[PDB]
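Below, in structure tokens: the form deposited in one PDB entry, a single chain.
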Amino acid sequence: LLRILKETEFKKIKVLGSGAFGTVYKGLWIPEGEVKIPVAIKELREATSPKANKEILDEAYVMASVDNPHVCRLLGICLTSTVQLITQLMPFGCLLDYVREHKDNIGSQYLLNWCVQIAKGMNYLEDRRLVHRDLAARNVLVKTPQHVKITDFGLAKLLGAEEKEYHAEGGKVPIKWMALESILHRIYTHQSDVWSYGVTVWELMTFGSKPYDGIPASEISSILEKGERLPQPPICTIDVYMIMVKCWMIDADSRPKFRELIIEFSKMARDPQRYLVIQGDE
């Protein structure tokens, strides 16, 4: 069900970004007996163990099969000396950039619907037994300003039949998005994804602020243990903020579940002005 692509089938037109994971390209895909399809091409550059490659693949089989409006399907994969994930291009780009650059074109309706859409997508993956491990606004993509999609850059994990946890080996990691148990113990679960959902949501409501701004990531585990958390966004009523905060409870199982997050944000989205007060959105 997952398409294995030959290198001849596709070409990288442009660089779109780099990072720990590797590099993203603007690209063009020609399927074999054909149409040109504008695609993104993620080239993973971590020198993988066998353990690591097996894990990426398993994640890839799942992503290939996804059929949900709010998650990007893996269109194909090209394994050589490097893994390349091929995916439909989103020209609008990522949601972090959008809220920074187009703050003024964003009301309460847009924001709570984004919250629902991400929850739905994240719930879909949880039903697929996939720990995403990398939810941030830097990895939610805008199909269109009403419709947003979650993606992966190879870091997600499929949990086996009787597994609740994934224990990571050490790597380059987004400290300020991570749940505390992922930093102290490198443990990743659906509930640690919930934590990072909260942070994602904070970013949206603060129109792209840098979380824990001016506190070095080295100090994050401390301040969390002492009960410090991201502050209440200016536009947020208490009802919304308290939802975000519950995601950052110390006990992972006590946090909300994406199911509850959908139902909750969906109610709010039927009367947005009640729950987010944004200037000029009256």
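Here, rigid core means the biggest group of C-alpha atoms that superpose within 1.5 Å across both forms. Numbering starts at 1 and follows the sequence shown.
As for the form deposited with a small molecule bound, it is not shown, yet the points below apply to it.
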message: Just to be sure I understand the contacts: of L180, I86, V116, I187, which is the one whose heavy atoms reach within 4.5 angstroms of the small molecule in the entry with it bound?
response: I86
query: Which among 213 to 221, 228 to 236, 241 to 249, 40 to 48 is in contact with the small molecule in the entry with it bound, heavy atoms within 4.5 angstroms?
result: 40 to 48
message: Considering non-hydrogen atoms and a 4.5 Å limit, does the small molecule approach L141 in the entry with it bound?
response: yes
message: My question is simply whether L16 lines the interface with the small molecule in the entry with it bound - judged by any non-hydrogen atom within 4.5 Å.
response: yes
- prompt: Would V24 show up as a contact with the small molecule in the entry with it bound if we use heavy atoms at 4.5 Å?
  reply: yes
- prompt: Would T151 count as a contact of the small molecule in the entry with it bound, using a 4.5 angstroms cut-off between non-hydrogen atoms?
  reply: yes
message: Given a cut-off of 2 Å on Cα movement between the shown form and the other one, rigid core as reference, pick the single residue from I220, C247, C236, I56 that exceeds or meets it.
response: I56
